[PDB]
Structures are given as C-alpha cells and as structure tokens.
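A single chain, nothing else alongside it, follows as structure tokens in the form solved without ligand QUE.
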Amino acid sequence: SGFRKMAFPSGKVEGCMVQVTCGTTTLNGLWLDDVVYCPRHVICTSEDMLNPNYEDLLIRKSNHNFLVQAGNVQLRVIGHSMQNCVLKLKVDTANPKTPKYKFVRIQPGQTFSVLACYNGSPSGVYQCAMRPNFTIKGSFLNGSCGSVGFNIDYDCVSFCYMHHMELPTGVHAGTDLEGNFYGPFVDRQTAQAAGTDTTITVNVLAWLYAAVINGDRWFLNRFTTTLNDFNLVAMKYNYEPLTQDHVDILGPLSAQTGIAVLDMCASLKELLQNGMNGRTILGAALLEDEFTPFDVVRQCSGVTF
C-alpha cells in the first residue's frame, strides 16, 4: 500500500552516459552502440549563443576536436554529423553496456524519468512530465545539458528526451533523440516564453483513482456530470479538455474501484470549485497531474523489469 512519485531504475541508462568536450564547453552524451548523441550547442561559446550559425560553427571542427570520455577512458571519434539539434559522433567502440532501446517522441501529458548528469556522471533520478506547453519542470544546473529522459518496458529502454535549454522562466526545454525540439523552442539565447501551463486532466483523474485504492476517500461525492459540463468548468481553471479517449484510457481504473469515470469528474469538479478545505489527498494539498493512467496501474500492481 501507499503511493509515491516513482522513477524507473536508472541502471540501464547510467552505463550509457559519457562526457563530451569541444574546446571550452563540456556536457553529457548518450553512448548507444558506436554513436554518441549530445546537444549541438557543445560547439558554441557563451557569446555564440545570442545568435549562432551552427553550420558555419561546425566547419571549424574536425573529428578530433570532440573529446568523449567514458568514465576514465577516451573514445576515438571517427565521424561526426549534425541531425537537427543533436550531434552524432561516430566512435570506434560499441558500448558493451548498450541495452535494448528505442527512440520515441512522446506527447504532452506523458511522463518519463530523468537521469540528471554532470560531466558524464549520474547525480540523481526523478520523474516528470511533458507539460501541455511543451516544457518540463526539471532540476538542471549548467553542465546538465545532454541528460536524457526515458521509459523502460521490461528489457527495452525508450529514450524520449534530451535536455538542452533553460528558459528565463526557470522551466526547461529539450529535444527527442532525433534532435527535434518539443514545442516551439530553439537552441538560442533569445526571448522565448512558454505558454499557459495547463493541468493534465486525465492524469489528475488517474491520481484520484490511486487515492481511493489507497484509503483517501473523503472527496468521493454524491454527484455525477457529463463531459461537456465538466469541460465547461475545466476551461475556467486552465485544465486540459477531457476527451472520450481519456475516458476509455481510465476504464481499467474505473473497473477496479467500481467508480464510473464521470462520477470521478464530478468529484474533481467540486475540488476545483470548493477547494481542499485544508484536507489532503495522498499527502498533497494540491492536485497532482504527473501520474499517467498507466503509471497508476503499474505502481498499484507490482510491474517489474
């Protein structure tokens, strides 16, 4: 019993983290087979970042200008290309610790684990989500660029996120592993501002299902609603619109607890309009939206890897 913000075990990913230096700049890379992936801005000065021209900055560089360090030992770079906003450095050795893996582009509302790294060494693991405005609310100091977000299915690690930028807001932006940013962000130091951070409604409903499974039941109400009425009240609180696919995804949680999905929405409606009245739900005083419906099923049943 009990419910915690839980991240995947990071062992499979620890053994893929390297340090990449290009002259004055150092960040982290992902070494999978004989390729090392890292943010293309490794090749910039701090001055270069107000208006960099990456194709021109790259002509100065040769295979040997990139120093890749895997723990203690150096890897030899034999080839380098730029793909969108990531650099792919071809090394001579395949990583002996390469797990089974996939590159996936996730969608807003999905969650993943971040292995935070500095100079190729893992510092910590935490769970976060792709906000609807395509930022993530992470924990990233300078030198952490190149840390990756991942999901593990049994034996296969699905890489979905590489860290690249911190917005002046203190929130973060990055790419998938083919180098395309999530959302409208770019790897330049300019006036980029994130949009409205709305709350991920399906995830909140998932987390309320987790609550009644685990004891907290005071918020269960005597009301029901419809999707259209609920969504009226959800727009006023900057909550994602709830859709019929979200309803289906919550079916298994609905089935396990005997609480129809629309009844739980009516419970959620009243928490938005009346507040928490100083009470708690799973030890929080605000509504948590960083568990997906699959996270709840997994943690409440014992799924391993």
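Numbering starts at 1 and runs along the sequence shown.
Another form, the form deposited with ligand QUE bound, is not on view; read the next lines as being about it.
Quick one: ligand QUE borrowed from its pose in the bound PDB entry and superimposed here by the pocket C-alphas, is it open or blocked (3 or more atoms within 2.4 Å of backbone/C-beta)? Here the answer is blocked - the superposed ligand has 3 or more atoms within 2.4 Å of backbone or C-beta atoms.
107-115, 183-191, 213-221, 70-78: which one contacts ligand QUE in the bound PDB entry at 4.5 Å, heavy atom to heavy atom? Among the candidates, contact is made by 183-191.
Find the only residue in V233, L167, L227, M82 having a heavy atom within 4.5 Å of ligand QUE in the bound PDB entry. Selected residue: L167.
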